[PDB]
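Below is one structure, written out as structure tokens; the observations come after it.
Just so it is clear, none of the values below were taken in a lab; they were calculated from the coordinates. Cβ coordinates were reconstructed from backbone atoms using ideal geometry, including for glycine residues, and neighbour counts include every protein chain displayed.
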Amino acid sequence: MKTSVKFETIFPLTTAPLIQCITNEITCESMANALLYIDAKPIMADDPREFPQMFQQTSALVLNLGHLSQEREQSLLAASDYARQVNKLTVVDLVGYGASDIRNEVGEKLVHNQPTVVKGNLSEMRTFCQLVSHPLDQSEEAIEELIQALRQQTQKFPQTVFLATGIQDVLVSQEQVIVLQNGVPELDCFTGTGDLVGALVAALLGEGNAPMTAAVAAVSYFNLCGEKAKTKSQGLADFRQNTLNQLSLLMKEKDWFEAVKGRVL
Amino acid sequence: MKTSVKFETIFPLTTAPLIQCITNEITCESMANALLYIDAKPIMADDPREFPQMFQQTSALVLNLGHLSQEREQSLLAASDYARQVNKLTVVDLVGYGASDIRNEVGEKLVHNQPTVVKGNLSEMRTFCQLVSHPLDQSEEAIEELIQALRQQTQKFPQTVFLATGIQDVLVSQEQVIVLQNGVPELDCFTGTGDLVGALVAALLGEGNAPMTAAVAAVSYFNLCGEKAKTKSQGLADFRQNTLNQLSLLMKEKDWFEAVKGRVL
Amino acid sequence: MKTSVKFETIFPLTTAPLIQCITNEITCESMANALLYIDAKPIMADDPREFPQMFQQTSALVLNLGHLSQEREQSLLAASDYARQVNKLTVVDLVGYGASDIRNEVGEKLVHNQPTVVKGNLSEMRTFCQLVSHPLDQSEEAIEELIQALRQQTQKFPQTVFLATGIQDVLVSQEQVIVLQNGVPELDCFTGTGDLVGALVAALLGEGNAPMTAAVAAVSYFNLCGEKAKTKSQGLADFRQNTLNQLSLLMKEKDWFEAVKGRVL
Ligand SMILES: Nc1ncnc2c1ncn2[C@@H]1O[C@H](COP(=O)(O)OP(=O)(O)O)[C@@H](O)[C@H]1O
Ligand SMILES: Nc1ncnc2c1ncn2[C@@H]1O[C@H](COP(=O)(O)OP(=O)(O)O)[C@@H](O)[C@H]1O
Ligand SMILES: Nc1ncnc2c1ncn2[C@@H]1O[C@H](COP(=O)(O)OP(=O)(O)O)[C@@H](O)[C@H]1O
């Protein structure tokens, strides 16, 4: 990949950044492990009463829309407002956007507070951009449609980078459009791959990387962990285990990023 | 096993059914993974505000009694009523029935809404049938006692199949009594085997299988995954990993179901 | 280790003790598995409405301060009061103590009810003892400072054993001061090692062991599982898997405890 992104220097993380995750109860054990496996320090606290003291210590924040409830709604909106008040680097992951009105309402509010990164899968982001969601949507036509939609969003949210994940990943900012083409289809066959990509982005933001760099490196690294894992694995449980294991190993190969496939458009 | 159940055709699932799990926070990561490993699509949302929109999309529902709380109680009773109003295929898993009055009260209400399948372990189901719970209860006498008790229940709940899990599994409907004898004792030595069997039943119901077929195939497949896993495993963590891994592999053997042991009584 | 602690007899557990965990949602799947892997029987129920009936059945209780919320606060304080009223053996794990006032307030209340064991990492326990938390704090000076601080606490809480975990582990009671030196640094690189040590202590208390014995054996066994796991492992996911696996295997070596390193001071 012909790119401005300086991959050689991303890993290992050296500041042990504290990454606070206001996240769902389904994938949180694995999100905490992911973050530790790349030398970040996870904290999963979400009680608003702690925010003043916590936010002083954290380097970045994950606001994950998954498994909504009245309690998670209070935390998410409280953390989003507060993150805006104190300029906390923030990744918003629109898990389930489009599933219901209530999710959409909460999701829209998070994005309105102008986070560092907004993230989702193709379906969620298309829905966020008010496009139809019919895959047919991974076509070159549909990708170009979403790129344009996301570029219109970055005009309203000019300090926010948008990430849509899929067979190809689409990253859009006010400055760049990047399409990435790593990973394997088995990365859809265990729970939390999207959630963990969110946490990895936050981790890189917290270490000090620029937003598009954080997004491109997090997605690339995780997807290349999948690629390696597929070669070593038989069965999906085993494939999952190896992907998570690679988070701590792929790093050690001086030239892991040579496998990155993607265009800056 | 001399049986009417057409195992050859159960796997692989081809409709990618969306299975909604209103379940406990202990085993939910593994329930989501289980469902993905057999090509179902898990959704763990439980906020009643979403139900109208979600229920339009889901193919089957898991209502798991585990880790009760006031929030889980509202979700469970709301989902149970609504599932009845719209005839959603539903598996009720009476995790912990007998532990407390409050669990029993919630549990009874779920069963009163007449789900497709009611499930628990021997102890829970015996208690549900108002039998003593003293194992002594896995004896041929005690099994025959429970069969009769469950047959009396299917008279009140004639559209519901009952599953009691154990060394031997007991399945009772208004039409059939089946005893299954697969699995290994190590399937009691990691958390969630019962919970995942519930989710697998829902998955098969959602794909389109008849209830007793769904129950018999889910239990058999999971227990045969255990049998295979034991031959490859040393240590319980390792045994767990391999059981979960087999969910995605055993399927691929054209004749996995030849290992099924059980009588139609 | 020259010690009064009779390790030969700790494992295997033979009473299948029921250990109730009022714990965080991050590491609970693994805490339940841990307990099963050493032949305890986990129950993760935390609704106060069940306590009267549950407490009749449980052998020991884990009160984990992690992932605080208004719901977890009610459960924790309710369970702590009740455990005191009925003399339930209780392990209090001060996860996150020092992070916020609200955590501290809840934590102090748990310790004020005089549990069997209070546990945390060096940082948390130092903060509990009102010491500064700057590692510099693992020095021989800082260890001696904490020992003295903990001895002053056991004067207020003379029926409570205190455990501070780290490179070296510090155990203090009114009768003994013990420093342990097993484990490997990778035990900080997956989530829940501290949480699981808490559950293991409870498990040994529930089986019938004296408090300091329970604490010393739980910490030693878990840390020696890590030591073995490191020799078999490549990558952190893999190291985690093997540590958890060893919980069920190391036991089987007649002389596992010969590897224990530590002084009674
Ligand atoms: N079919 C695929 N081929 C290659 N990479 C994939 C595929 N599906 C998902 N991924 C990758 O795995 C990660 C998870 O993305 P995705 O599954 O789209 O998230 P979600 O869990 O929110 O639906 C992303 O980094 C994505 O690039
Ligand atoms: N001792 C055993 N031998 C064979 N199969 C077992 C044994 N214990 C449990 N199983 C199987 O494992 C699955 C889990 O059942 P069980 O452990 O009874 O559920 P629960 O977790 O609700 O107590 C069931 O399909 C059951 O048939
Ligand atoms: N660097 C280390 N070297 C040896 N053992 C360790 C190390 N770090 C942690 N442990 C051990 O692993 C277990 C987890 O302790 P710790 O990581 O301090 O808990 P927490 O998760 O609460 O911070 C303890 O039994 C401790 O002795």
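For the reader, a short list of remarks on this structure follows.
- Filter pass, B:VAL106 being touching a helix residue (DSSP H, G or I) at 6+ places or on another chain (Cβ under 9 Å), crowded, with 21+ Cβ neighbours inside 10 Å and over 22 Å from C:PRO52 (Cα atoms): no
- The stretch A:1-60: number of residues that are of a type in the set (S, T, N, Q) and out of contact with any strand residue (DSSP E or B) (no Cβ under 7 Å at 6 or more places or on another chain): 9
- Some residue of the stretch C:1-15 being within 14 Å of chain B (Cβ to nearest Cβ) and within 27 Å of B:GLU71 (Cα to Cα): no
- Among the candidates B:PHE157, B:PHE162, residue that is under 29 Å from B:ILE38 (Cβ atoms), in contact with a strand residue (DSSP E or B) (Cβ under 8 Å, 6 or more places away or on another chain) and within 16 Å of ligand 2 (Cβ to nearest atom): B:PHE162
- If only residues of the stretch A:214-239 that are within 14 Å of chain C (Cβ to nearest Cβ) and more than 18 Å from the chain's Cα centre (by Cα) are counted, the one that is nearest to B:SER30 (Cα to Cα) is A:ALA237.
- In the set (1) over 21 Å from A:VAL91 (Cα atoms); (2) in contact with a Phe, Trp or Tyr (Cβ under 8 Å, 6 or more places away or on another chain); (3) more than 10 Å from ligand 1 (Cβ to nearest atom), the condition left unmet by A:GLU186 is number (3).
- The single residue among C:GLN114, C:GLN20, C:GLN85, C:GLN57 that is closer than 29 Å to B:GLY192 by Cβ, surrounded by fewer than 19 Cβ atoms within 10 Å (Cβ to Cβ) and either within 14 Å of another protein chain (Cβ to nearest Cβ) or more than 14 Å from the chain's Cα centre (by Cα) (or both) turns out to be C:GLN57.
- For the stretch C:79-113, residues that are among the polar types (S, T, N, Q) and either touching a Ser or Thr at 6+ places or on another chain (Cβ under 6 Å) or within 16 Å of ligand 1 (Cβ to nearest atom) (or both) total 2.
- Residues that are at the interface with another protein chain (Cβ under 7 Å from one of its Cβ atoms) and farther than 26 Å from A:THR23 by Cβ, drawn from the stretch C:60-70: none
- Subset of the stretch A:89-103 [surrounded by fewer than 23 Cβ atoms within 10 Å (Cβ to Cβ) and either charged (D, E, K, R) or closer than 15 Å to A:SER133 by Cα (or both)]: A:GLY98, A:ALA99, A:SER100, A:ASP101
- Every condition in (1) within 23 Å of B:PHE239 (Cβ to Cβ); (2) under 12 Å from the mean Cα position of the chain (by Cα); (3) not small (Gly, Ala, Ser) is met by C:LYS254 except one, and the failing one is (2).
- Residue list for the stretch A:176-191, filter: away from chain B (no Cβ under 11 Å) and either polar (S, T, N, Q) or within 16 Å of ligand 2 (Cβ to nearest atom) (or both): A:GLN176, A:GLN181, A:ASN182
- Here the stretch B:124-154 is the region considered, the condition is being under 17 Å from the mean Cα position of the chain (by Cα) and within 13 Å of ligand 2 (Cβ to nearest atom), and the residue that is nearest to the other protein chains (Cβ to nearest Cβ) is B:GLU124.
- Checked against (1) buried (at least 24 other Cβ atoms within 10 Å of the Cβ); (2) more than 21 Å from C:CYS28 (Cβ to Cβ); (3) not small (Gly, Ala, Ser), B:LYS6 meets all criteria but (1).
- Residues of the stretch B:242-265 that are within 10 Å of chain A (Cβ to nearest Cβ) and not β-branched (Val, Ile, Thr): B:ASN242, B:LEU244, B:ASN245, B:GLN246, B:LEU247, B:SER248, B:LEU249, B:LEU250, B:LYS252.
- Count of residues meeting criterion [within 7 Å of ligand 1 (Cβ to nearest atom) and either surrounded by fewer than 18 Cβ atoms within 10 Å (Cβ to Cβ) or assigned to a loop (DSSP other than H, G, I, E, B) (or both)] in the stretch A:161-172: 2
- A single entry from C:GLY107, C:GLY96 fulfils the requirement of being part of a loop (DSSP other than H, G, I, E, B) and within 14 Å of chain A (Cβ to nearest Cβ): C:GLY96.
- Answer residue from the stretch C:60-82, given it is surrounded by fewer than 22 Cβ atoms within 10 Å (Cβ to Cβ) and not charged (D, E, K, R) and is farthest from the chain's Cα centre (by Cα) among those: C:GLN70
- Residues satisfying the stated conditions in the stretch B:192-213, i.e. of a type in the set (D, E, K, R) and either within 14 Å of chain C (Cβ to nearest Cβ) or closer than 12 Å to B:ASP93 by Cα (or both): B:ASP195
- Matching residues, the stretch C:182-198, being more than 6 Å from ligand 3 (Cβ to nearest atom) and surrounded by fewer than 21 Cβ atoms within 10 Å (Cβ to Cβ): C:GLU186, C:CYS189
- Here the condition is being assigned to a helix (DSSP H, G or I) and out of contact with any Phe, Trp or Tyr (no Cβ under 6 Å at 6 or more places or on another chain); of B:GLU175, B:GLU141, it holds for B:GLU141 alone.
- Of all residues in the stretch B:204-216 being in a helix (DSSP H, G or I) and surrounded by fewer than 24 Cβ atoms within 10 Å (Cβ to Cβ), the one that is nearest to ligand 3 (Cβ to nearest atom): B:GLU207
- Those residues of the stretch C:32-49 which are facing chain B (nearest Cβ under 9 Å) and under 17 Å from C:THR90 (Cβ atoms), in sequence order: C:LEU35, C:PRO42, C:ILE43, C:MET44, C:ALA45, C:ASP46
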